[PDB]
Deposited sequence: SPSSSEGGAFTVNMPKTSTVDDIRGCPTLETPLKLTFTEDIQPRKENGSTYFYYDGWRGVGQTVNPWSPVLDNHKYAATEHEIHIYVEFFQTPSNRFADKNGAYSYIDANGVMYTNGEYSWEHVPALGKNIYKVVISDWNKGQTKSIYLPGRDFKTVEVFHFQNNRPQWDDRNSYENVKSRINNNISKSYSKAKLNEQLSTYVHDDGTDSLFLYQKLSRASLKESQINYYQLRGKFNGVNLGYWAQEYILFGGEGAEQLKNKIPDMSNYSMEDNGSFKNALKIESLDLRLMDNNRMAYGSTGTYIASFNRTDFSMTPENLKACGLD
């Protein structure tokens, strides 16, 4: 018996942070979140920006457990939840979970909305002993937006339609002004956390990065989320020159009990193709509980 270690009962947080600083090009400022603007402080959009740019962003989280969620009590602000006899989940504070039995037994859904400039969105998972967590990141003013609640249609686009890779030749193309739409999905990011087993000591993650709303000024600005995953923030103000750019991230967090939170940060990066194509980073990192070497060792987390 060793007391005081983090356990599967200890809550795990998910954070989502908007951190896109607008990029000057000569002239106007590009910003994947709100389009293109003529001035920066304060923000002032180009003439026809409203036709193209997003004004709303949403995070939909689907959690699947191996069994009924095990926690037996709820707190004031939502760090702890429980389910009743019928499988309805009770959570207090800003967020509540919808039981979605149609998708499967032990699956729950939350929608975080009003995600604006500079904001960090935070939510506790109703259990650390999950099987799967899927996150959909949706942006406004795109044709799939009205249909964002269809889990199946979104998954279909993820599996069958969204590019897993972009060539350098593609990133260097100029879409002609005369094309009216650029084809970018409302879905701009998909995250999947998975654990192979109930008492499993690691968390696997996957991401499928997409694009932010394109804006057609007198040409076409297209906005690719070109890099992501752990430590991707260290690549800010760098675009390595290679022939293909992967839109997928893959990795594993060992010693997951040591993790306080899994953090997504969306940030700006250099522009390519003379300002015609923007690049962005979707970094996904862990912040750990602070622990001494001797407590790490004692809790088997070194």
Inset, instruction - Can you give me the gaps, meaning deposited-sequence stretches with no C-alpha coordinates, in sequence order? - result: 1 to 21, 48 to 50
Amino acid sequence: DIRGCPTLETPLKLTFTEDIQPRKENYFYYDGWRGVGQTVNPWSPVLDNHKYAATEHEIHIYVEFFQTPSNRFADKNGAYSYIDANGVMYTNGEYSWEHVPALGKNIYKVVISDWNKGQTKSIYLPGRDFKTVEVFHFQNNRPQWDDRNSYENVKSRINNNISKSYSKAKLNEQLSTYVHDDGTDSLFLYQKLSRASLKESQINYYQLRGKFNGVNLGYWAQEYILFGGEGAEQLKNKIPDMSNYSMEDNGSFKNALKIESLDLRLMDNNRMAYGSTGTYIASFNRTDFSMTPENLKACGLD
From here on, numbers count along this sequence of modelled residues.
Inset, instruction - On mean C-alpha B-factor from the PDB entry, just flag whether 81 to 89 or 203 to 211 is the higher one. - result: 81 to 89
Legend entry - Stretch with the greater mean C-alpha B-factor as recorded in the entry, comparing 279 to 287 against 5 to 13: 5 to 13
Inset, instruction - In terms of CA temperature factor as recorded, identify the highest of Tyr219, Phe227, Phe130, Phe138. - result: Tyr219
Inset, instruction - Could you tell me which one of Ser246, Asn250, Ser261, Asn26 shows the highest CA temperature factor in the PDB record? - result: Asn26
Legend entry - Relative C-alpha B-factor of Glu233, binned into the chain's lowest, middle or highest third: middle
Inset, instruction - Would you please rank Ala54 by its C-alpha temperature factor against the other modelled residues of its chain and give the third it falls in: lowest, middle or highest? - result: middle
Inset, instruction - Please rank the C-alpha B-factors of the chain's modelled residues and tell me whether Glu18 sits in the lowest, middle or highest third. - result: lowest
Inset, instruction - Would you check the entry's CA temperature factor for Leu257 and let me know if it's in the chain's lowest, middle or highest third? - result: middle
Inset, instruction - Sorting the chain's modelled residues by C-alpha B-factor, tell me whether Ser167 ends up in the lowest, middle or highest third. - result: lowest
